[PDB]
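Presented as structure tokens, the chain that follows is alone, the form deposited in one PDB entry.
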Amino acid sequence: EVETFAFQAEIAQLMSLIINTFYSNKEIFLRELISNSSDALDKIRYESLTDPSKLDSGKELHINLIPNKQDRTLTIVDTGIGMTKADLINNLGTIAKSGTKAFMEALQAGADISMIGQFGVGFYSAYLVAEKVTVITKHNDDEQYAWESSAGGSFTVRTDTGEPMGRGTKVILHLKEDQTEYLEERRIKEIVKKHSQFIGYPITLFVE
């Protein structure tokens, strides 16, 4: 059973802007996704301070980057707090309608697409490099769900029967044919060193 939802018009507009604007500095999507993983990891750490049972679903707090040249995918996995079905549907827990508004204005008023994360919608920067994005997530309060979208105004949500993940979020980027540089080890290491060097959780880049 797959449920199909329409994006709110402001989110569709944000996505169309990300996809259509000429903008060379696409590598910033990786910093925005690691930053989102780091924020989700902070959340579960904080809840665990007063309730250690919150980590029964996994004690390890970390971020893995997994390139796969065969499937043309780059996957980011974190063991953060995860997202409930309701959060997934409501723009992956963001206040994306009001963030889009602030970001749109900043763009006319001198900002550029790399500052997206200052408006709380950095997740959508995945569409600088991906034709399709799949998000698998498990929150302590809910079942494991898979969200997916190739943009074009809609997204789907289903229960995920794939590998159980315990707790956290996996973002699977199905890369555009011309954006395979982001599966190269040297290129990923360069971006992580450039933009993500003070993230507080181990980032492991997997080998192929």
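We number the residues from 1 along the sequence you see. Think of the rigid core as the biggest set of C-alphas that the two forms share within 1.5 Å after superposition.
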{"item": "Stretch exceeding the other in mean C-alpha B-factor - 184 to 192, 16 to 24", "value": "16 to 24"}
{"item": "Of 102 to 110 and 77 to 85, the stretch whose C-alpha atoms average the higher B-factor in the entry", "value": "102 to 110"}
{"item": "Highest recorded Cα temperature factor - choice among 168, 153, 67, 52", "value": "52"}
{"item": "Among 134, 90, 118, 125 - the residue whose C-alpha B-factor is largest in the record", "value": "118"}
{"item": "Third of the chain's Cα B-factor distribution that residue 176 belongs to, per the entry", "value": "middle"}
{"item": "Third assignment of residue 144 from its chain's C-alpha B-factors", "value": "middle"}
{"item": "For residue 43, the third of its chain into which the C-alpha B factor falls", "value": "middle"}
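Form deposited in another entry: not shown, discussed below.
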property	result
Of 94, 134, 84, 114, the one whose Cα moves 2 Å or more between the shown form and the other one after core superposition	94
Cα displacement of residue 66 between the shown form and the other one reaching 2 Å, rigid core superposed	no
Core-aligned C-alpha movement of residue 57 between the shown form and the other one, 2 Å or more	yes
Cα-Cα shift for residue 57 and residue 170, closer or farther in the other entry, minimum 3 Å	farther
Residue 131 and residue 93, C-alpha gap in the other entry relative to this structure (3 Å or more)	closer
